[PDB]
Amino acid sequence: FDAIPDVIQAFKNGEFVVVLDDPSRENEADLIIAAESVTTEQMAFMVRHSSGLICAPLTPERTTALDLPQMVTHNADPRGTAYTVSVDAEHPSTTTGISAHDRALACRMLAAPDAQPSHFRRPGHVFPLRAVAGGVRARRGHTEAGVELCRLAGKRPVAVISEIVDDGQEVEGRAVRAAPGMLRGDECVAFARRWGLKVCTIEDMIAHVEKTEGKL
């Protein structure tokens, strides 16, 4: 695993970083990137290698500023992922909201300093997620990890995350993939190396933050 300072620097440079949560939690790795300058081509890569459910972690302050209420008032999961209502970018270049171009645009607009509620059509195809106020020390999820990286790298308080799946194997001429799953542990590290990305754990990220804040 890479050291957190090095992950921060890559994140500051607008790169995706690969982040694993605890094996006792989801045991999943997500691609996490700063939303402010995510490119169409980067989004296409993200869609290709992830679940395709492209989320945008942001702070409670941003959910209030942008008027993004929680999708559900009484969450099935109490520590559950805090989905807000979904969005598309209100921009002349948006078409259906699903393309790599459109999803990247929605993410950059969510992160813009002058963002306003009217900049987003609801519902849509990008899924903002409300990080808890206490950050990664309080909730050890990828949502918090993305917002934490934005803070640590001096970026706008909106990230983009999606889970790295195991697409299994192609089966020539057949609309199936054999032995699919989720990418785990070492495979996640191998994926990062293949793509020139830094890779880390939320546990190490928490250890990093604790150097300044102490244990929660």
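The first residue of the shown sequence is 1; numbering continues from there.
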property: Between 168-176 and 34-42 (mean CA B-factor, as deposited), the higher; result: 168-176
property: Higher-scoring stretch by recorded Cα B factor average, 137-145 or 67-75; result: 67-75
property: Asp2 by Cα B-factor - lowest, middle or highest third of the modelled chain; result: highest
property: Chain-wide C-alpha B factor ranking for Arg62, given as lowest, middle or highest third; result: highest
property: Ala82, C-alpha B-factor rank within chain (lowest, middle or highest third); result: middle
property: Lowest, middle or highest third - CA B-factor, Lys155; result: middle
property: Third of the chain's Cα B-factor distribution that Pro113 belongs to, per the entry; result: highest
